[PDB]
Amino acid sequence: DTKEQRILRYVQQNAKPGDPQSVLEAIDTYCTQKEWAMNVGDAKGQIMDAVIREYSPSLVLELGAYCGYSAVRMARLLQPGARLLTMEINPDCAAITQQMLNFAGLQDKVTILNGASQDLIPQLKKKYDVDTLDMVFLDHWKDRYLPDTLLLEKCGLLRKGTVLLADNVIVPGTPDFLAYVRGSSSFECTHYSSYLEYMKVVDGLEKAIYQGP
């Protein structure tokens, strides 16, 4: 078995079904005590939670699901009827994510789209009936942050006030994205310094608010 399979099994055996908080705790504990994994983690998770509660987004897009940690984290704070779409290129992780969401009881709030973000983003309007996004969590490969942001704008998916929240802007880092949004009059940016998940290593999130053309 894989590390991802072991994470899911641990959750199933150490958290309570339908209790998102106990799922996060179980993942955090396994990844602290047993095997590191690239979940956004509790340190940065807490800053995400603060952002989510500030904006109360009705429709969130996540880029990069992995084992579903962040999707559980965001979905648990969504208001009734509010939705998350999460894109995941690896089918094994998409399957882990779905199972994680099911265990947590958040499956009716989340749709996991198995495919590349660059292929799926142009389908959101027609195929998934999206108008505009309220928030986007960028947490997939770091070289896609900038191209996918520009694609989101091209496809008419951003509106005035759409909140981009980007993980890992320090480690591994996303230099082209960071310099772009910070230099653009189309974004209002704020940096939230934190720590790499499960490590004493500085990391941070960037919040970039779309201001229109």
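Note that residue numbering follows the sequence shown and begins at 1.
With 116-124 and 95-103 compared on mean CA B-factor from the PDB entry, the stretch scoring higher is 116-124. Of the two segments, 86-94 and 127-135, the one listed with the higher mean B-factor is 127-135 (C-alpha atoms only). Based on the entry's C-alpha B-factors, the most elevated value among 168, 149, 33, 39 belongs to 33. If you compare the C-alpha temperature factors of 61, 65, 52, 157 in the entry, 52 comes out highest.
The entry lists a Cα temperature factor for residue 74 that places it in the middle third of the chain's modelled residues.
Per the PDB record, residue ranking by Cα B-factor puts residue 46 in the lowest third of the chain. Residue 183: CA B factor lies in the highest third for its chain, per the PDB record. When the CA B factors of the chain's modelled residues are split into thirds, the value for residue 15 lands in the highest one. Compared with the other modelled residues of the chain, the Cα B-factor recorded for residue 193 ranks in the lowest third.
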